[PDB]
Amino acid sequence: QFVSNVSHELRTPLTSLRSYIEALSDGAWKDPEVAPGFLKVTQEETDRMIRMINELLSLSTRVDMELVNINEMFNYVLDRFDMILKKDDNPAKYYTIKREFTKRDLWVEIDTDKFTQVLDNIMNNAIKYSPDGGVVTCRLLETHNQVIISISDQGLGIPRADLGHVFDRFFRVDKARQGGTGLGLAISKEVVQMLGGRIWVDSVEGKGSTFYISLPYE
């Protein structure tokens, strides 16, 4: 349903917007080296949220495939999550984003808005389900004519019995450790399949998780 999806999907961009506005208010507005770049991101997130409301309201049409540089696009996503982490209430370096991208530029046909939603949910999960903190490792590679993204955490894991169930709508693992609706990964799977790709997960209950996304390369 519309309300539930739009509400769920606005949360990461609102957090990201809040985070950059906070950095600006805290003094970055005085720094000519960074203020314009920060303002540019808030302008982009605000416009993205406005498109998102409309898109999701209309579905109750466009899957807009563009040839995109995944390297840059993934990098832009992770830049926001670093900003969320720095303006976080946690101690500095309580969470780390380590990037492991191949050096060649990878061009892939995607819907930029919808796929950002996918990366947002997985990064946000990777953080939300590491309460004790940790490194989030983000990999970008091409092999066997697939472009593959994997996102690993050192968080709470996922029971083996539930590895399949986690992409189902409303499914939330019911053990100790919060969350919300159980929609993020179902929305994500829907987008990834729509784009001709695949998503899957490996996990160890005490160690952490790795989510994988595969997209057709050429």
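Residue numbers here begin at 1 and follow the sequence given.
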Notebook entry, point to check: How many missing residues of the deposited sequence lie between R177 and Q178 in the entry, grouped as none, 1 to 3, 4 to 9, or 10 or more?
Noted result: 1 to 3
Notebook entry, point to check: What number of deposited residues lacks coordinates in the span between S60 and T61: none, 1 to 3, 4 to 9, or 10 or more?
Noted result: 4 to 9
Next item on the list: Select between 149-157 and 65-73 the stretch whose C-alpha atoms have the higher average B-factor in the entry.
Entry: 65-73
Notebook entry, point to check: Taking the recorded C-alpha temperature factors, which stretch has the higher mean, 113-121 or 84-92?
Noted result: 84-92
Check: Reading the B-factor column of the entry, which of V192, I50, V41, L163 has the highest value at its C-alpha atom?
Finding: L163
Check: Thinking about Cα B factors across the chain, which third does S188 belong to?
Finding: middle
Check: Split the chain's modelled residues into thirds by Cα B-factor; is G206 in the lowest, middle or highest one?
Finding: highest
Checklist line | CA B-factor placement of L140, once the chain's modelled residues are sorted into thirds | finding: lowest
Check: Which third of the chain does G37 land in by C-alpha B-factor: lowest, middle or highest?
Finding: lowest
Notebook entry, point to check: Would the CA B-factor of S214 place it in the lowest, middle or highest third of its chain?
Noted result: lowest
